[PDB]
Amino acid sequence: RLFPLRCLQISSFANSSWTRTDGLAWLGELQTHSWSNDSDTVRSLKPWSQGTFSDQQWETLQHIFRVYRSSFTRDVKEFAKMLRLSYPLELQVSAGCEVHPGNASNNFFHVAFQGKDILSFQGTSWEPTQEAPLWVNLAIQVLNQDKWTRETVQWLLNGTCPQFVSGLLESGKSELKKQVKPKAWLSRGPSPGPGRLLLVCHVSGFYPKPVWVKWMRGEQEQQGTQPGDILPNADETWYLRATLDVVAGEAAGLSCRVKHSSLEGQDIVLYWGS
Amino acid sequence: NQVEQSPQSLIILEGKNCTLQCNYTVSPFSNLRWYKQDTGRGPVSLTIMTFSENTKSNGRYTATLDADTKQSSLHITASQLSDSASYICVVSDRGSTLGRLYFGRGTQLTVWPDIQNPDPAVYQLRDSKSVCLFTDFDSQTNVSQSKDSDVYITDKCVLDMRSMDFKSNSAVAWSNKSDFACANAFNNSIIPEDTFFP
Amino acid sequence: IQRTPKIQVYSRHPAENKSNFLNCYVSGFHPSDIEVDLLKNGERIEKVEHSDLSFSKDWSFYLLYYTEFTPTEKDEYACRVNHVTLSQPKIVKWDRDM
Amino acid sequence: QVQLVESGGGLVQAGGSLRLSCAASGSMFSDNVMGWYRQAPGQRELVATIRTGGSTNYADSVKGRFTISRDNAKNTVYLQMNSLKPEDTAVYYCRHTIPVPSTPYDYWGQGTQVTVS
Amino acid sequence: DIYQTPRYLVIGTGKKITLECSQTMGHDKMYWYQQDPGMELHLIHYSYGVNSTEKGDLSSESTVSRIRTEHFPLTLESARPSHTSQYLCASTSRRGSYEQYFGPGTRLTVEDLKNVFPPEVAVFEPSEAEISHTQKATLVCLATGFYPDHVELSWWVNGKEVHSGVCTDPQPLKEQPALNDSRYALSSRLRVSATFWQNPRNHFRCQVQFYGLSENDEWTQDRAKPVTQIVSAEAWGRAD
Ligand SMILES: CCCCCCCCCCCCCCCCCCCCCCCCCC(=O)N[C@@H](CO[C@H]1O[C@H](CO)[C@H](O)[C@H](O)[C@H]1O)[C@H](O)[C@H](O)CCCCCCCCCCCCCC
Ligand SMILES: *[C@@H]1O[C@H](CO)[C@@H](O[C@@H]2O[C@H](CO)[C@@H](O)[C@H](O)[C@H]2NC(C)=O)[C@H](O)[C@H]1NC(C)=O
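In this report, we go over the structure that sits alongside the text.

### Examining the overall build of chain D
When you go through chain D residue by residue, the secondary structure sums to zero helices and ten strands. In terms of overall dimensions, chain D is globule-like: its C-alpha atoms have a radius of gyration of 14 Å, near the 13 Å expected for 117 residues. Structurally, chain D occupies a C-alpha span of about 40 × 25 × 25 Å along its principal axes.

Structure follows, in structure tokens:
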């Protein structure tokens, strides 16, 4: 029932001459905004993606990032010269806040380098990873020496971040509370051993990500029931496949049980024969 | 340019107060710095104001700042003689150690002494084996230089005798040929008639 | 320090033969630029619609490519990608069953 | 879209004392800063940092002389002007903006006048 | 503090450049600037660290090296007259009050060595007409016939230097208004109370320090080597 805000940032620096920075934002499991290196504005996908903020409470933010986009790039360009970093460069930044019931919450700001995070933001000062290289330490000093930025960030994690979330939940509850009924079926998989076959349980086109699915013999949960990873789709409804290796003679009375919020106890009744 | 400074050149009297302005167009902005370069020496750091810090003072100097209009000024009071140098306006587009520095074209001022009792005169003195001098001039009175390369003429410069609170102008001119007459060595310069010369 | 990716291809509708679209999911690639092409049994599809790339809690990226079609009893589909971790572009053919 | 109410102006004599009003509403923005800027006819000078919630810093010319207060509900702000000086006459503007520069969120009130005799 | 040598220097075109700089505050970042007289400032190079050396907005043929944190000396391979300016090593602290700190600065001048001249000794006893009318006596020192203008004039009274009551001219003046090789000439005044000038026990020395040639530079001409020497002319107090 928790819906964290994940602001995602991707910035690649192949050579000194060329770079691109794009970013987006996830709430819980939904995308609201896209932002290219080509666009001077962040794109509100939903009509309610703007939340409660007026076109000025909104544009104000666009003024910051647009400057922040330009600002961030030179820094790292000169950063690398100070730090002698063999190009190319890949930097990722995960950030946001998550609210607790009532008027309490917590924030975060995790930056990563070449698929390995470097530093975070604790309280009112920059703090590196306990498993971070040293050069990061000298870099930690430099950034802490720009306070207005340090302040500018707390003003966002502390405070302004959560209010906007509240300005979205009231604007997006309808989409938020939406539920989608899955579409399930069965199919044969190639045999993983002699006689013993692989029984596949298919689930597709549902909404709220979290679901529990197990292959069962009426009511007996089958250990061999193995499933893969939940995977997306174009309209935000996901997909999943659960498998099981059993012998043909044991396929009598077997059934795949499907448990998800979209139905409440009217589970997908699929015994072996459909 | 991204930082225009005004005015270029200014001349004021000793003991007066005046102001120095600076206008910048740089985006972004982090801090503003007024510097003072001694003539022929390295400039010195004076005021280092972030954009919150509107005003700041170091001694008889007091600078101001209005970022909303992107405009800086610089107020000094009771101008001393030592204040005479060139002044600069420097902005850093970052707060940490990454900002590019945007210097203004640079202004320069001159604080002249206000002398209450002027007795202009021209003397000639021994050259210990040839040059006449003019001193104690109304600082507002002006000078020109030589018509012909044989004749040499300097410009004004003042002096301070702190032991007895005396501050007086001075000027020198000479040539080598025997035709060097002190009476006419300054004709290119307009001088007052109350000047007495032996 | 370099993770190579993991490809998974699947369809949205269990199709007989019945307009349906298809999805190719890739994740866990440590850098971020990759050349990707969905191939209709030997040939690419220009008209294609993709989404916005992201990464996971381990900062390992992931992305999804989709396209509408009409599947056959005869043709086969696959997902091809050139990455730094691969000298040869690996392909994953779609199973019309599972 | 914001609300502009400035109230509490007037004429006084030397050594007087006054109190000023300011509030905002509509498309507001959680943590923010309000306060005033006086403009001696010539030039707006900071006088009062509000830093909604956050500790604050006055001007040295009014160090301890003047003191502010926060509505803490109606998001309104009150300033207590005490021991006024004659030279302290100027145009006093209320400002509500956030502690990040150059944003379009920098809103300015209609303006209030203060005169000390 | 922050040190860079030497204040003045002169060399021949096409030769290699000695430019030094030192720093005793342990700062990691250092600078170099180029200022032509009467004009603004120009950045040319910088080093964010010990092993960094980078180029500035001005593309130039300089050789910014930094292997040590203290020494940040600039080098230049081949000399050329368009390089004549002033150059200012600079430094900043790794934390707070980024008071960009500057070095003293170095003056640079670079066609032929037969154009160099040491200046004239020159002191001038005052005038009685001034002593009578003003109750004070003015002295003046003069240095002429020299090239280049790398000069440090200093008055000296009774063994000690003095700065109270002096007025050296700000900048020199060419001996020829047209020539580019023109020698220069400057004036320096000094005025004291009469009663002092009378007292014979007072010694007066106008000293001039000339930053001339090196010790190895080949000199062959009719003249003596105009080396870096001190051209001082003195005087004695006189009650007429
Ligand atoms: C979490 C906030 C919540 C916001 C919610 C908005 C939702 C809307 C949809 C969002 C979808 C798009 C999401 C895109 C990803 C968003 C990332 C958010 C990061 C924002 C933090 C920085 C805010 C802008 C601050 C900035 O531009 N700093 C600038 C400007 O600063 C200058 O100008 C300022 C005034 O203009 C100040 O005066 C300052 O003193 C002066 O130096 C400052 O110069 C910074 O140093 C520049 C970089 C900052 C990033 C630091 C990252 C450190 C890690 C990198 C290390 C790499 C080492 C290897 C190379
Ligand atoms: C990302 O966007 C920026 C600006 O939007 C691009 O950089 C500038 O593009 C303009 C186009 O007229 C050039 O004049 C500038 O010289 C560019 N800046 C620099 C520093 O070169 C940038 O190219 C974009 N990135 C990509 C990958 O397209």
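### Things to note about the arrangement of the chains
No other pair among the six pairs of chains in contact exceeds the contact count of chains B and E. The two units chain B and chain C remain apart, with a minimum C-alpha distance of 27 Å. Chain D makes no contact with chain E; the smallest distance between any of their C-alpha atoms is 20 Å.

### Points about the state of the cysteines
Applying the stated criterion across every chain, the model contains nine disulfides over all chains. Covalently, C132(B) is tied to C182(B) through a disulfide, its sulfur atoms 2.0 Å apart. Given an S-S torsion of about 80°, the disulfide between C132(B) and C182(B) has right-handed geometry. Of the two residues, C132(B) is situated in strand β13 (residues 132–135) and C182(B) in the segment after β17 (170–175); the sequence distance between them amounts to 50 residues. The exposure class assigned to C132(B) is buried, which follows from its relative accessible area of 3%. Paired through a disulfide, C22(D) and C94(D) show a sulfur-sulfur distance of 2.0 Å. Where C22(D) bonds to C94(D) through sulfur, the torsion about that S-S bond is close to -95°, and the disulfide is left-handed. Per residue, the accessibility class of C22(D) equals that of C94(D), and both read buried. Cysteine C7(A) shares no disulfide, and the gap to the nearest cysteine sulfur, in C161(A), comes to 7.0 Å.

### Re the environment of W156(E)
Residues and elements named next belong to chain E. In this fold, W156 is placed in strand β16 (residues 151–157). Residue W156 is classed as partly exposed on the basis of its relative accessible area, which comes to 25%. Through-space distance from the C-alpha of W156 to that of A194 is 17 Å; in sequence the pair is 38 residues apart. In contact with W156, other than residues within four places in its own chain, are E161, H203, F204, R205 and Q207. A distance of 2.4 Å separates a polar atom in the side chain of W156 from a polar atom in the side chain of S154.

### Thoughts on the site of ligand 2
All names here are of chain A. Lining the immediate environment of ligand 2, one finds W18, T19, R20 and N37. Measuring from a nitrogen atom of ligand 2, one finds a backbone N or O atom of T19 at 3.0 Å. Separating an oxygen atom of ligand 2 from a side-chain N or O atom of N37 is a distance of 2.4 Å. Out of a free accessible area of 610 Å², ligand 2 has 28% covered by protein chains. Here the residues of the shell around ligand 2 are counted per class, giving one nonpolar, two polar and one charged.

### Focus on the site of ligand 1
Around ligand 1, the surrounding shell holds 27 residues, and the nearest of these are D146(A), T149(A), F51(B), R94(B) and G95(B). Positioned at a junction of chains, ligand 1 has nearby residues supplied by chains A and B. At 2.7 Å, a side-chain N or O of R94(B) approaches an oxygen atom of ligand 1. Between ligand 1 and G95(B) there is a distance of 2.7 Å, counted from an oxygen atom to a backbone nitrogen or oxygen. Expressed as a share of its isolated accessible area of 1,400 Å², the protein-covered part of ligand 1 is 92%. Contributing elements (two or more residues each) for the shell around ligand 1: β1 (5–15), β2 (18–27), β3 (30–35), α1 (55–83) and α3 (147–176) of chain A. Counting residues per element, the shell around ligand 1 draws most heavily on α1(A), at seven residues. Partitioned by chemical class, the residues of the shell around ligand 1 number 20 nonpolar, five polar and two charged.

### So, α3(A)
When the terminal C-alpha atoms of α3(A) are compared, their 38 Å separation across 30 residues is substantially less than the 44 Å that a helix rising 1.5 Å per residue should span. Of all the bends in α3(A), the greatest measures close to 50° and is centred on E170(A).

### Section: the pattern of salt bridges
Applying the stated criterion to the full structure yields 21 salt bridges over all chains. Across the pair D267(A) and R257(A) runs a salt bridge whose closest N-O atoms are separated by 3.8 Å. Within this pair, whereas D267(A) is found in the loop between β16 (255–260) and β17 (270–271), its partner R257(A) is found in strand β16, the two being separated by ten residues in sequence. With a closest N to O distance of 3.8 Å, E130(E) and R191(E) form a salt bridge. Placement of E130(E) in helix α1 (residues 128–134) and of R191(E) in strand β20 (residues 184–193) is noted, with a sequence separation of 61 residues between them. Across this residue pair, the class does not change: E130(E) and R191(E) are buried.

What counts, and where the lines are drawn
- Residues numbered from 1 in each chain as written, not as in the entry; some residues may be left out.
- Chains lettered and ligands numbered in written order.
- Heavy atoms only, no water.
- Residues with missing side-chain atoms left out of burial classes, pairs and counts.
- Helix = DSSP H or I, 4+ residues; strand = E, 2+ residues; numbered from the N terminus.
- Rg over C-alpha atoms; globule rule 2.2 N^0.38 Å.
- Contact = heavy atoms within 4.5 Å.
- Disulfide = S-S within 2.5 Å.
- Buried < 20%, exposed > 50% of the residue type's maximum accessible area, 1.4 Å probe, protein only.
- Polar contact = N/O pair within 3.5 Å; in protein donor to acceptor, adjacent residues only side chain to side chain.
- Near = heavy atom within 4 Å.
- Areas by Shrake-Rupley, 256 points an atom, 1.4 Å probe, with all protein chains shown as cover.
- Nonpolar A, V, L, I, M, F, W, Y, C, P; charged D, E, K, R; others polar.
- Expected span 1.5 Å × (residues − 1).
- Bend = angle between axes of the 7 residues up to and from the residue.
- Salt bridge = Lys/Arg side-chain N within 4 Å of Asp/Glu carboxyl O.

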